[PDB]
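This report concerns only the one structure given below.
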Ligand SMILES: Cc1cc2nc3c(=O)[nH]c(=O)nc-3n(C[C@H](O)[C@@H](O)[C@@H](O)COP(=O)(O)OP(=O)(O)OC[C@H]3O[C@@H](n4cnc5c(N)ncnc54)[C@H](O)[C@@H]3O)c2cc1C
Ligand code: HEC
Ligand code: HEC
Ligand code: HEC
Ligand code: HEC
Ligand SMILES: O=C(O)/C=C/C(=O)O
C-alpha cells in the first residue's frame, strides 16, 4: 500500500505535517498538497494520458487521496459506478458496508461532553445541489457556514444529473419560442404526483422556477438547451447547450460560488447527531480522520438527499425492489433522515420510491429519459414495442418488468444520436450496440430482424401523428437515417420522493409538536411533499435549487 511504498523513501514527513504521523484535518489538504508537489496536479496528470482516472465528469476538488489511500489499499472512486478495470497501484476492490448512524453511541456520548471545538452560525448537511445552493444563500448576506459531506468527493447525486432542470415561464424560454406558464407547472406536477403533493410546496416550486434559473445564471450557469421530459406539456427541462448535462454543470457552478464566498466545506465528515438544547444547538461530526467533534451553531440546514441506494431500507417499504440496482452515488443511504428523526422530525410519503425504467446493467449507469424524448422507441426481446415510451416512470418501469427476461432495448437512429449529446458518453462507455441497418442491429442485440424491422417500419408510420399501438403523444423523429443503435436497459431504484416534512420556508416540523423544531431547516431529496407520490422528470434540480436558497436564507435570518 501506497504509504509503505513511500515509507521506503523519506518517512512520515513526506505526507503528514509531523514526523509522528497523523492527519491535521479531514479534507486532508496538507497531504494532498504533498502529493501534487511531487507528482503534479490532476490537469497535469490528465494531459499526460493517452478514459483516464485523472480527468472525469466528477465536480469540485477531487483529492488525490480519494483514490490513492495512504494506509490502505487504494481504489479508483470511478469503480463506485463503472468497471473500468484500471490498474490502480496498490489496488483493492470497491466495497462499502453501510454503518448505522447511531452505533458507537457510548463513543458519541463520551465525545459530546469532551470540549466544544468550533462554533459557526449555520451548519449545512451535505454538498449536493441543495446544500451548495444553501451555502451560497446563507453566506450570501448573512452568516458563517460550515458544510459537511461524508463522501471524499462532493456533489452528491446532483452531479450525475442528466436531463434538465424544470422551470416555468420566464427562464430563457422566451428566447426559443417555447410558450409556457406557471400554472401549467403546478398542474403537471400535481397530475404526475397523483395529487397528494403538498399544494403550497408545489407552488413555490412553480413560482420561484425562473428565479432559480436566473440565479444559476447570475453565477455562471448554462441553462439554454430545452427539452421534453416524461410527464409535462410545454417544453421545459433546462440544460446546457446541445443536450449535455445540468447536474455536473449545476453542481460545479454552485461548488465554485459556495467556495468563492466564505463557506467552510469539509469532506470525509459525516454528521451523526444533531445537538439538542429542544432547540438545535449544534451538530455531532465524525470526521473520518480527525475523530468526533462538536460544532455549535444556531441553524442546521439538512440537505443530505435521499435513500435510494440503501436497498435494505427501500426493500423495507416496497420489497419489489429488494435486489434491484440503484442509479445513485454511494452516499444516498438515509443518514440524513435518521439524523433528523433522532431530532424528532416529521416525515411523509416515505414509501413512494421512484425507480428509473432505463438503467443499463452493463454500464452501471442510468441512461437519460431524453433519449426516448428525442425519438427512441423501446423494444422487448421479441422485437416489438410494448409501451408509450414517454409515459410515467412507474408505468414504464412496470411494463419492462413485465417483459421477456425483465429487460428491454432502447432503439434509436443516427438522427436521434446527433441531437442529444449525452449519447456520446454512452458511446464512450462501450454500452451501445451499432447496426448499419436494422437487420444488422438485431443480430447484435439478439432480437429478430423481420420483427424489429416491421416494428420500426410501423413505428415510422405512427410517426403521421398517431401511435395506433400505444398512444405515445409526441412522435419527434422518424427513425430511418443509418447507422441505427440500441442499448438494453432495465429499471433501477432512483429517487425517494418522501422525506422530512417542511413548509415553504424550509422549516422542519416536529412529529410530536406539529410545529417546526426550532432552527431546524431542510431542503432537497431528503424532504417530503414536493413530489407527491411520483416525481416528474426535471423537478428534483429545481426543487433543490429553489428550496436550498430558501433553506439558506431562513437559517441566516435565524441566528441574525
Ligand atoms: C442518475 C441520476 C439522474 C438524475 N437526473 C436528474 C435530472 O436530469 N433532472 C432532475 O430534476 N433530477 C434528476 N435527478 C434527481 C436530482 O438528482 C436529485 O434527486 C438530487 O439532485 C438530489 O439533491 P440533493 O441536494 O438533495 O442531494 P445530493 O445531490 O445527493 O447531495 C447529497 C449529500 O449528503 C451527503 N450526506 C448524506 N448524509 C450525510 C451526513 N449524515 N453527513 C454528511 N454528508 C451527508 C451525501 O452523501 C450527499 O453527497 C437525478 C438523480 C440521479 C441519481
Ligand atoms: C509513518 C510511517 C506514518 C505514520 C505514523 C502515519 N502515516 Fe499516514 N496518511 C496518509 C493518508 C493519505 C492518510 C489518510 C487515510 C488513508 O488514506 O489511509 C493518512 C492517515 C494517517 C493516520 C490515520 C489512520 C486512519 O486511517 O484512520 C495515521 C496514524 C497516519 N497517517 C500516520 C498518507 C501517508 C503517506 C503518503 C503516501 C505516508 C508516507 C504516511 N501516511 C506515513 C505515515
Ligand atoms: C499523496 C498522498 C501521494 C500520492 C497519492 C502519491 N504519492 Fe508518490 N512517489 C514519489 C516517488 C519518487 C515515487 C516513485 C517512482 C518509482 O519508484 O518509479 C512515487 C510513487 C508513487 C506512485 C507510483 C506507483 C507506481 O510505482 O506506479 C503513486 C501512485 C504515488 N506515488 C502517489 C514521490 C512522492 C513524494 C515526494 C516526496 C510525495 C510527497 C508523494 N510521492 C506523495 C504521494
Ligand atoms: C481516482 C479518480 C484518482 C484520483 C482522483 C487520482 N488518481 Fe492518480 N491514479 C489513479 C489510477 C486508477 C491510476 C493508475 C491507472 C491508470 O490507468 O492511470 C493512477 C495513477 C497515478 C500515478 C502513476 C501514474 C503516473 O502518471 O505517475 C500517480 C503518480 C498518481 N496517480 C498520482 C495522483 C495524484 C497526485 C493525484 C491528485 C491530483 C491523483 N493521482 C488523483 C486514480 C486516481
Ligand atoms: C457514480 C456516482 C459515478 C462515479 C463516481 C463516476 N461516474 Fe462516470 N458516469 C456516471 C453517470 C451516471 C454517467 C452518465 C451521465 C449521462 O450523461 O447520462 C457517467 C458518465 C461517464 C462517462 C461518459 C460520459 C462522459 O462525460 O465522458 C465516462 C467516460 C465516465 N463517466 C468515466 C468516469 C470516470 C473516469 C470516473 C472517475 C473519475 C467516473 N466516471 C466516476 C456515474 C459515475
Ligand atoms: O434525464 C433523465 O432521464 C432523468 C431526469 C430526473 O431524474 O429528473
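Residue numbers (the deposited numbering): 4 to 53, 57 to 283, 286 to 471, 473 to 569. Don't be surprised by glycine CBs; every beta carbon is placed ideally from N, CA and C.
- Taking C-beta atoms under 8 Å as the contact rule, residue 312 and residue 535 qualify, at a distance of about 5 Å.
- Residue 340 places its beta carbon 7 Å or farther from that of residue 365.
- In terms of side-chain proximity, the C-beta atom of residue 255 is found no nearer than 6 Å to any non-hydrogen atom of ligand 2.
- CA-to-CA, the gap between residue 283 and residue 291 works out to about 11 Å.
- Secondary structure of residue 496 (DSSP, three-state): strand.
- Following the DSSP letters along the chain, one finds residue 527 inside the beta strand (DSSP E) bounded by residues 525-531.
- Residue 388 counts as buried, since at least 16 other C-beta atoms from the protein chains shown sit within 10 angstroms of its C-beta.
- With fewer than 16 neighbouring CB atoms inside 10 Å of its own CB, residue 12 falls in the exposed class.
- Relative to ligand 3, the nearest heavy atom lies less than 6 Å away from the CB of residue 37.
- The Cβ atoms of residue 15 and residue 24 sit closer than 7 Å to each other.
- Of the other Cβ atoms in all chains shown, 16 or more fall within 10 Å of the Cβ of residue 335; this residue is therefore buried.
- Of the other Cβ atoms in all chains shown, fewer than 16 fall within 10 Å of the Cβ of residue 8; this residue is therefore exposed.
- Closest in C-alpha terms to residue 502, from the list 406, 30, 288 and 112, comes 406.
- About 13 Å separates the Cβ atoms of residue 26 and residue 78, ruling out a contact at the 8 Å cut-off.
- In this structure, the beta-carbon distance from residue 480 to residue 396 falls below 7 Å.
- The beta-carbon distance between residue 371 and residue 131, rounded to whole angstroms, is 31 Å. This is too long to meet the 8 Å contact definition.
- Residues 26 and 29 of the same chain have their beta carbon placed closer than 6 Å to that of residue 297, with the five preceding and five following residues left out of the count.
- By a beta-carbon distance limit of 8 Å, residue 523 does not contact residue 563. Their separation comes to about 19 Å.
- Environment of ligand 6, chain-ordered: 168, 169, 376, 377, 378, 546, 547 and 549, taking every residue with Cβ within less than 6 Å of a heavy atom.
- Burial check for residue 201: the Cβ neighbour count within 10 Å stays below 16, so the residue is exposed.
- Around the beta-carbon of residue 441, 16 or more other beta-carbon atoms lie within 10 Å, marking it buried.
- DSSP places residue 462 in the helix class (H, G or I) of the three-state scheme.
- For the segment 137-175, the full-length beta strand (DSSP E) segments reaching 3 residues or more read 151-154 along the chain.
- Here residue 128 is bridged, per DSSP, to 151 and 307.
- Here the C-alpha atom of residue 97 lies approximately 32 Å from the C-alpha atom of residue 323.
- For the pair residue 462 and residue 443, the Cα-to-Cα distance works out to about 16 Å.
- Per DSSP, reduced to three states, the secondary structure at residue 205 is helical.
- By the neighbour-count definition (other C-beta atoms within 10 Å, threshold 16), residue 317 is a buried residue.
- When the alpha-carbon of residue 163 is set against those of 453, 126, 369 and 373, the nearest one is in 373.
- Minimum Cα-Cα distance from residue 400 among the listed residues 117, 542 and 217 corresponds to 542.
- Of the residues assessed, residue 473 falls on the exposed side of the cut-off, its CB having fewer than 16 other CB atoms within 10 angstroms.
- Judged by DSSP secondary structure, residue 33 falls within the alpha helix (DSSP H) whose first and last residues are 32-42.
- Beta-bridge partners assigned by DSSP to residue 282: 288.
- Taking 7 Å as the cut-off, the Cβ atoms of residue 70 and residue 82 do not count as close.
- With a cut-off of 6 Å, the C-beta of residue 17 is classified as near ligand 3, since at least one heavy atom of the ligand falls inside that distance.
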